[PDB]
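Structure first, commentary second.
Methodologically, a virtual Cβ is constructed for each residue, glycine included, from the backbone with ideal geometry; neighbour enumeration extends over all protein chains shown. Every number in this text was worked out from the coordinates using simple rules, so none of it is lab data.
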Amino acid sequence: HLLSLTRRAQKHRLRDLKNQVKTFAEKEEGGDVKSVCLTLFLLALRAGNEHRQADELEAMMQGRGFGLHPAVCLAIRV
DNA sequence: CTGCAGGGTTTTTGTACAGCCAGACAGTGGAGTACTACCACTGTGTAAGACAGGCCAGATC
């Protein structure tokens, strides 16, 4: 399987689709491969009704808050 | 049928020029921020000690 292998064999196996995404992203988005594979990951996770992992991902990619503002904290407290 | 070994065969795996930058190491001067135990206060449960009164023994009615 692809998930247990090292990065050498993973990239060796996937280089075809890696350069496919490379050329398609330089075609459409103008030098943005990272956001292209991000939108691909989001669509592949939402098609399977696993919205939770997509929400965690979006909370990692410039996520609003690791920690909370003291205000809403006091709110929850009371 | 079986076990075993040259090579295949595809995958995996590390070593390989070659340049780049994230991430860390020291320390400074002490703030300071997070933590941990007082602390003032009574509500709730607890169980030792009153105790009384009921009962038997002493002695009586």
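So what's chain A giving for Cα Rg divided by 2.2 N^0.38 Å, two decimals? Don't skip to the answer; put the middle values down first.
Numbers: Rg = 18.0 Å, N = 78, 2.2 N^0.38 = 11.5 Å.
Normalised Cα radius of gyration, chain A: 1.56.
Helix A:51-60: angle to the longest alpha-carbon principal axis of chain A, degrees 0 to 90, nearest 10?
Helix A:51-60 sits roughly 80 degrees off the main axis of chain A.
Calculate for chain A the 222 nm mean residue ellipticity that helices alone would give, adding -39,500 (n - 2.57) per DSSP H run of length 4 or more and normalising by residue count, nearest 500 deg cm²/dmol. Walk me through the intermediate numbers first.
Working: 4 runs with 53 residues, N = 78.
Using -39500 (n - 2.57) per qualifying helix, the result is -21500 deg cm²/dmol.
Compute the angle between helix A:7-28 and the longest alpha-carbon principal axis of chain A, please, reported from 0 to 90 degrees and rounded to the nearest 10.
On a 0 to 90 degree scale, this one is about 80.
About its Cα centre, how strong a charge dipole does chain A have in debye, to the nearest 20, once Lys and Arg get +1 and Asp and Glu get -1 at the Cβ?
Numbers: 13 positive and 9 negative charges, 83 e Å.
Using Cβ point charges on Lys, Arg, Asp and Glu, chain A gives about 400 debye.
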